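Examining the three-dimensional arrangement
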Amino acid sequence: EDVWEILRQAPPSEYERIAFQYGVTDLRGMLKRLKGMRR
Amino acid sequence: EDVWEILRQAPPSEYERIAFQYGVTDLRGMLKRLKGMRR
Amino acid sequence: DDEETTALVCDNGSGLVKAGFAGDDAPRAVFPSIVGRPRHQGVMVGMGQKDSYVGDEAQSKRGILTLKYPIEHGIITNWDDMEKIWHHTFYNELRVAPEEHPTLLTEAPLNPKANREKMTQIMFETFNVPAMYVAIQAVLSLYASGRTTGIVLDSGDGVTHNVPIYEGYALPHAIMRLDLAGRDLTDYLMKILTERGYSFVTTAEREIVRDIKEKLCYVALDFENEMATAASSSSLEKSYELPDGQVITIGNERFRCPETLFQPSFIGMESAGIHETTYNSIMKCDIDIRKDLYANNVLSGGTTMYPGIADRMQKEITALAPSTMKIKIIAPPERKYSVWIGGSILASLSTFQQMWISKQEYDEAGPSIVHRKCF
Amino acid sequence: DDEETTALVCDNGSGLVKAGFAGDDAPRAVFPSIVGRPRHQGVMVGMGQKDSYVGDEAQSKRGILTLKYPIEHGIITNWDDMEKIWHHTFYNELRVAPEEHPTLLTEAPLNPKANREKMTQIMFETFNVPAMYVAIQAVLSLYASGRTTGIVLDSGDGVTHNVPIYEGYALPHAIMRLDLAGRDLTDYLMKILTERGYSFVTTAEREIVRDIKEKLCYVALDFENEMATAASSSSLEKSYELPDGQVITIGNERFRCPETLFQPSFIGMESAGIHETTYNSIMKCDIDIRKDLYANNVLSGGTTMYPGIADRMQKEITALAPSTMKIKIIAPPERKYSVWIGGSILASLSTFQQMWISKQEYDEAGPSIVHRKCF
Amino acid sequence: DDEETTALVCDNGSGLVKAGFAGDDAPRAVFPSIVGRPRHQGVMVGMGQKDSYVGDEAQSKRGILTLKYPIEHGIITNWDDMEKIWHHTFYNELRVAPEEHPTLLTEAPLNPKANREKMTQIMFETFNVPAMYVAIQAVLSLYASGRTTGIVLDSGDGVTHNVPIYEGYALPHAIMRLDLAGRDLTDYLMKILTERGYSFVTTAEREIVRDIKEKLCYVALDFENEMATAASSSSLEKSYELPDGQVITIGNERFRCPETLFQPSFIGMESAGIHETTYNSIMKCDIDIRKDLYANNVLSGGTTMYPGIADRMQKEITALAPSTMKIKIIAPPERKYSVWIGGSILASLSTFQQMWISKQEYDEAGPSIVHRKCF
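Report follows, based on the coordinates.

Reading the values: the criteria
- Residues numbered from 1 in each chain as written, not as in the entry; some residues may be left out.
- Chains lettered and ligands numbered in written order.
- Part of a larger assembly, values for the part shown.
- Heavy atoms only, no water.
- Contact = heavy atoms within 4.5 Å.
- Buried area = accessible area lost by both parts, 1.4 Å probe.
- Salt bridge = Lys/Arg side-chain N within 4 Å of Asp/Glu carboxyl O.
- Helix = DSSP H or I, 4+ residues; strand = E, 2+ residues; numbered from the N terminus.
- Axes fitted to C-alpha atoms, helices over the stretch in contact; angles between N-to-C directions.
- Parallel < 35°, antiparallel > 145°, perpendicular 65-115°, else oblique.
- Nonpolar A, V, L, I, M, F, W, Y, C, P; charged D, E, K, R; others polar.
- 1 Å grid on protein atoms, 1.4 Å probe; cavity = no way out; pocket = protein on both sides within 12 Å on 5 of 7 lines; lining within 4 Å.
- Points joined across faces, edges and corners; volume = space filled by probe spheres on them.
- Polar contact = N/O pair within 3.5 Å; in protein donor to acceptor, adjacent residues only side chain to side chain.

**Concerning the interface of chain A and chain E**
Taken together, the contacts link twelve residues of chain A with 21 residues of chain E. Carbon and sulfur atoms supply 50% of the area buried between chain A and chain E, which totals about 1,300 Å² over both sides. Its largest share of buried area at the contact with chain E, chain A owes to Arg28, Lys32 and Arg39 of chain A, together 49% of the area lost on that side. Where chain A touches chain E, the interface holds two salt bridges.

**A short note on the side chain of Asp244 of chain D**
Looking at the element boundaries, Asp244 of chain D is found in the loop between β9 (238-241) and β10 (247-250). Sequence-distant contacts of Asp244 of chain D, defined by excluding residues within four places in its chain, comprise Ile287, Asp288, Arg290 and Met325 of chain C.

**Here we look at the arrangement of the chains**
Separated without contact, chain A and chain D have their nearest C-alpha atoms at a distance of 26 Å. Separated in space, chain B and chain E share no contact, their closest pair of C-alpha atoms being 26 Å apart.

**Brief notes about the packing of helix α3 (residues 27-38) of chain B against helix α4 (residues 137-145) of chain C**
Look at α3 of chain B against α4 of chain C: their axes get within 7 Å of each other, and the N-to-C directions meet at 85 degrees. When the axis of α3 of chain B is compared with that of α4 of chain C, the two are roughly perpendicular. On the side of α3 of chain B, the interface is formed by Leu27, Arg28 and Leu31 of chain B, while α4 of chain C contributes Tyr143, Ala144 and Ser145 of chain C. A breakdown of the residues in the contact of α3 of chain B with α4 of chain C according to their chemical character gives four nonpolar, one polar and one charged.

**Some remarks on the layout of surface pockets**
Residues and elements named next belong to chain D. Roughly 800 Å³ of volume is contained in the second largest pocket. Taken together, 40 residues line the second largest pocket, and the ones lying closest to its centre are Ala135, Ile136, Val139, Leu140 and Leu142. When contributions to the lining of the second largest pocket are tallied by element, the ones reaching two or more residues are β5 (131-136), α4 (137-145) and α12 (335-348). For the lining of the second largest pocket, the leading source of residues is α4, giving six residues. Class assignment for the residues of the lining of the second largest pocket results in 26 nonpolar, eleven polar and three charged.

**Side note on the interface of chain C and chain B**
How large an interface is tends to be reported as the accessible area lost when its parts come together. Each partner contributes residues to the interface: chain C has 22 residues there, and chain B has 14 residues. Summed over both sides, the interface between chain C and chain B buries roughly 1,300 Å², with carbon and sulfur atoms accounting for 51% of that surface. Viewed at the interface, chain B and chain C are joined by two salt bridges. Applying the counting rule to chain C against chain B returns 13 residue pairs in polar contact. Of the residues forming the side of chain C that touches chain B, the biggest block, six residues, is contributed by helix α12 (residues 335-348) of chain C. In terms of residue class, the side of chain C that touches chain B is made up of nine nonpolar, ten polar and three charged.

This is the structure:
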């Protein structure tokens, strides 16, 4: 996918664009797991 | 009143409107006497 | 031995079945909706001692014969009971053949269909009336109201609904029942008087008590100051001849029976008073129907014949209604017959014979016919 | 039973259809452009309970009967609706035969032709009026202006155009519509009041709200300082009797409804305020027509009857116009009838009967005739 | 006893209040939004017999204890109710101090502001949370959608809106509510089953019925042929154990409950089905958003969990949409939590703590602060 690395290297907020670009309607979830990590 | 003549000359069913217009909640009764006549 | 026919305005007033004809003026039939069982059978020569002639005689046989409504809760638990009830009607007091006189049928809402299904067919077969036709007791009173707009409060023989209406236009959604029956008040009465020094349980004991309500029991507009009144008011403190010959004494009950229709707390019912049933209905009604109601606040139901009935009706609606609007509850004295009257009307409504339940129509569509596009 | 005829000044005011005659002085016809459907059908004895007598009675039947414009968007989606609308007119309030009285026809621009095509022929056949004739509602007001030079702002029954004109001379190129309709303002009102603590969706609920606007809702010239005013100004903070009997309370809305006609942001519309529609039109106008406008800044449209209407009109045009020039918007109080009035004039303009739509002319050229060299 | 804090993802799911934390994964709080009153007070030794521990215990006290939503219509009629509701939360199931954990606030649109005003301040004072922050339940699900473009159909705990959206971009103008609540369906169910032979009114009676819907009641895509199916289809003809122990029998209802969301006729509501709410919204949407919708036709709302939900969604949109475009409604199974989930996200969105409602900010600007440039 690279969505992992791309989003980690995505522009800080535009993980919006990258997640929802690569099908990740759960940018919500991408960040929420990243938050269970960073929560 | 004329409710008598008006209802006799009222439109056949809308004796509804005429009776209940001229206070005759007993269109019920207007017809029931008209029916003791026509019953 | 006459012209075409007279429809059969037969009305099972929730407590009594009653009836006349189309265009009639007085239901020539009126009597209890009970069945009666003796217990003991003293070995008695001869016969004539019917198990079940309740009709209007059995109360003569009260005590030994017990009590049975089939529609007990406005719910016909049994029919052959009600069947011979009809026959009694049609052959003793109606003493008349169903087969040749049409009839409209009186019913309250809330009935699972097969009730009417069965009643219908059997009325054809056992009865072969020229044709039948059913009609909601509620609606029947409604036309019996003739104020085609506005709700009617139907707390009648033993029934209770609110009937919002508007030049014939009623909203079932806003329409409701109150399980309360003058029988219910009967109940709490037994409760009270008995516990209060009385031993009052027996079927016709219930008979006497219902008589008591419908003759003397009332309500005062207010309660709490009315309560203090009760606290010493000797005028109410009146004993009535118990039909044994005793003179049952009466005080606060005479009113503390019915009033709970506004507070089932006394019946403990989760429900709410009749009035605010009216009011939440009306609020359900469109924005400005409400004044229509206010002019059309038609009560219905004789057992509710008590004092002040409207007195409260208005006072509380006031307490709730915007004084902006002007209220007027509507209740003829003759509310029992009203339903019969309007039914006599509709059925008697010549321009309307198309509706009656024809033997055939059923036949082709069995009873299920009755339901769609007909009742 | 009289002389030749009176043309039939029939005016479907974007909200109400209205009419009188040629030379008349008051449209004897005025009433809602809606159709109405009841829902429930309480089984009601007898009849007289029309599905669709909306005309001017149905609002009596409001609630149960729903709402239907055929021209909904100044766009007749349906006609038989409007057809019997006419008949209602011609036979209940016009109660008059079309066949013998001519009529001019009121229309706003932007209509695909067949609308008029159909209306025309059917008016002949169903109507056989001596002859008809159509005319742009816009133009009709225009003569109704009589300031043959200058634009008119037609934000009327529910309509909106700018009508640049110059001794009768108007530039369609510069001419425009604003989809806004007092109905639209109605909308945002429902939006606000409801969300603001209200549950206001129902057809006649919309009725009340439109009444609210046309009786109380206004606008203040300014906003933001006007906004601060709103921030505590108690005077505006007035509740109005909700026609249920409630007294709907009112504050900032009374004005925050209409004003968005200058800022569809509130309607969210991509469009721009009425004023600068005027101004870009005028700039489109020739170099020095603009002063003509300034003397001829004719508003039109009663729903726009609100306060300050011109007050802003001028202030913003100022804000945009060179003070060099002197502005003057023009708006009679009687702007509803104005359009009717000028139509009564034109049609009543005897020197002009040559234009009316003759049965024959159509006949030879069918409806398509209507278009070239005629309307 | 840990690091900075965890925001308090508290979600009053229109029927149940629910919550976890920021970054949480499961709302550790879930339970009814009711208050409960016993009636009788058998004189009972000792105590522990709370009037109002509804929270999640009272349903244990169902029957004697009655029912009270404060937000009844997604409308908090009362707060102290909801107040101790919170405390219950924060101290029994949250069992946690507000004062030190931030929280985002779940809300649907249409709320008059003071609701939030009051909730806010009191949350500070009674709660002194580090800071709060509110957010539209609708929007919360929206991010909970993560398809930042497209509408979402929020028919959830008991709520209903359409949420057109477009990479986060939503048009409130096109946005709408459907008063329908699974409670509403509950209603018509009571209507039917009761009248159909049942006496089903009581609060927890409503409890059972709602259980019934959410476990068994469904809808079939079609109706009328589906109706004939119902006419004899025995498979559906299944009785379910009434939690008294009775086995409530079930047929056509199981589906004829919900489906009316497309036809309030059954609820008699003037409104229109959810689907065409969607469709008129979308048509309101820009010309070619519509395909966006079609890929983004996000349903939301668990009570809508029934069969076919999309099945219809698509079929009717089809029936309305140009087959040119390809539709796709979107509805996760987990739609209840979705809203919670996205709220957990946003609040948990570290880059976003600037928004939370600080004690001070309020303090300087009181509650009114909340409104502009913040919520």
